[PDB]
> 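Just dropping this structure here.
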Amino acid sequence: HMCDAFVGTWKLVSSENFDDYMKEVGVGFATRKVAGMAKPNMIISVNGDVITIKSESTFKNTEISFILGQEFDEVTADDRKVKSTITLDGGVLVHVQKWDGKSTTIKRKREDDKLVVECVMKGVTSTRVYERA
Ligand SMILES: N#Cc1cccc(Nc2ccccc2C(=O)O)c1
């Protein structure tokens, strides 16, 4: 019953500062424009200790499966090859990506009937609000 409140199919309903967050990450112009137009669905499921998170949109469909606390390799939607570790910290899923001596942290939290995603790169934060689909 690890992660029960996250499981489901979620749809993006608002975004703030996502272009700036992508700039800080190093995403190029054309990817930023196309990616920023997307209204992804995030589909979260759990089977034993394995969590799966799918992101589907007109831009890209990606999928990660992982065990909490156990590093894995991830190819991001913008084609970074990163080393990822996802943990639960006080009810928040905390996803750290490392690549080329850089780091970004993506937090996912349940707040009321929403799933709130905070993406942080250095001083720049983007907030992405999802609702149940
Ligand atoms: N291209 C591209 C790109 C680059 C960085 C992050 C993301 N998207 C996300 C990642 C993680 C969680 C939620 C989102 C989300 O879209 O809400 C897309």
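No hydrogens, no waters, no symmetry mates; every other heavy atom, side chains included, goes into these values. Counting starts at 1 for both ligands and their atoms, following the listed order. In this chain, numbering begins with 1 at the start of the sequence shown.
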> Please identify which atoms of ligand 1 are closer than 4.0 Å to at least one heavy atom of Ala35.
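Ligand 1 atoms under the 4.0 Å threshold to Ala35: 1 (N).
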> Tell me the protein heavy atom at minimum distance from atom 7 (C) of ligand 1, and give that distance in Å.
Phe18 CZ, 3.7 Å
> Starting from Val34, walk the hydrophobic network (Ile, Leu, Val, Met, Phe, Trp, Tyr; side-chain heavy atoms closer than 4.5 Å) and list everyone else you reach, by chain and number.
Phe59
> Answer yes or no: is there an ion pair linking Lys102 with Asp100, defined by an N-O contact shorter than 4.0 Å?
no
> Can you tell me how far apart CG (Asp20) and OG1 (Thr125) are? Round to the nearest 0.5 Å.
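Going from CG on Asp20 over to OG1 on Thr125, the span is 11.0 Å.
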> For atom 12 (C) of ligand 1, tell me which residue out of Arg32, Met42, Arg108 has the closest non-hydrogen atom.
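Residue with the shortest heavy-atom distance to the ligand atom: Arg108.
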> Should the ring pair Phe66 and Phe72 be called parallel, tilted or perpendicular, given that the plane angle runs from 0 to 90° and is split at 30 and 60?
parallel
> Give the numbers and elements of all ligand 1 atoms closer than 4.0 Å to a heavy atom of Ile106.
11 (C), 12 (C)
> Report yes or no: does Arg80 have a heavy atom closer than 4.0 Å to ligand 1?
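It does, in that a heavy atom of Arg80 comes within the 4.0 Å cut-off of ligand 1.
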> Any atoms of ligand 1 less than 4.0 Å from a non-hydrogen atom of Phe59? List them with their elements.
1 (N)
> Would you check if the side chain of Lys11 reaches a backbone N or O of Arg132 as a donor-acceptor pair within less than 3.5 Å?
yes
> Can you confirm whether some protein heavy atom lies under 4.0 Å from atom 10 (C) of ligand 1, or whether none does?
no
> Taking 4.0 Å as the limit for heavy-atom contacts, which would you say applies to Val117 with ligand 1: side chain only, backbone only, both, or neither?
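Only the side chain of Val117 comes within reach of ligand 1.
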> Evaluate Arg128 for polar contact with ligand 1, using N/O atom pairs at a separation under 3.5 Å.
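There is such a contact, yes.
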> Can a donor-acceptor pair be found, under 3.5 Å and without considering hydrogens, that links the side chain of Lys81 to the backbone of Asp79?
yes
> For the CD atom of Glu71 and the OG atom of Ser84, what is their distance to the nearest 0.5 Å?
8.0 Å
> Give me the residue, atom name and distance of the protein heavy atom closest to atom 4 (C) of ligand 1.
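Among all protein heavy atoms, the one nearest atom 4 (C) of ligand 1 is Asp78 OD1, 3.4 Å.
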> Which atom pairs, donor and acceptor, lie under 3.5 Å between side-chain atoms of residues 21-33 and protein residues at least two apart or in another chain?
from: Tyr21; atom 1: OH; to: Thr104; atom 2: OG1; distance (Å): 2.7
from: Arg32; atom 1: NE; to: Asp19; atom 2: OD1; distance (Å): 3.0
from: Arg32; atom 1: NH1; to: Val27; atom 2: O; distance (Å): 2.9

> Using a strict cut-off of 4.0 Å, indicate which atoms of ligand 1 neighbour a heavy atom of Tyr130.
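Listed by number with element, the hits are 15 (C), 16 (O), 17 (O).
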